[PDB]
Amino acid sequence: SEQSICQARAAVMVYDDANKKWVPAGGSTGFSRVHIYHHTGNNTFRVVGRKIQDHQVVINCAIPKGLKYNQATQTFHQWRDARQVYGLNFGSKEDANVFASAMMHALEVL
């Protein structure tokens, strides 16, 4: 029921609001394969990423209409919901471009 619209290599991180530092998403340092999935039936999108090594799901979050997606640098992009701040430290500029293109697309069609 969902179609992948991109795959990008990134170290997924969340911001620890109490210690003022980034920490690895899911508790595990290393790179993940991060998709945006489009549920075509209802036109919704989510980010799902899984560690390359062991397949652990480290991010699974909805992309809401109006999201402010911040391209802080050419290889680190970030966004937030009401509870967490998410960061993607991409493995290359090409990966950042792939993901940002798909995200900017999702945000235009929502």
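Counting begins at 1, following the sequence as shown.
The mean C-alpha temperature factor is higher for 39 to 47 when 39 to 47 and 69 to 77 are set side by side. In this entry, the higher average B-factor at the C-alpha atoms falls on 101 to 109, of the pair 3 to 11 and 101 to 109. As recorded in the PDB entry, 53 shows the highest C-alpha B-factor of the residues 84, 53, 60, 29. Looking at the C-alpha B-factors along this chain, the one for residue 16 belongs to the lowest third.
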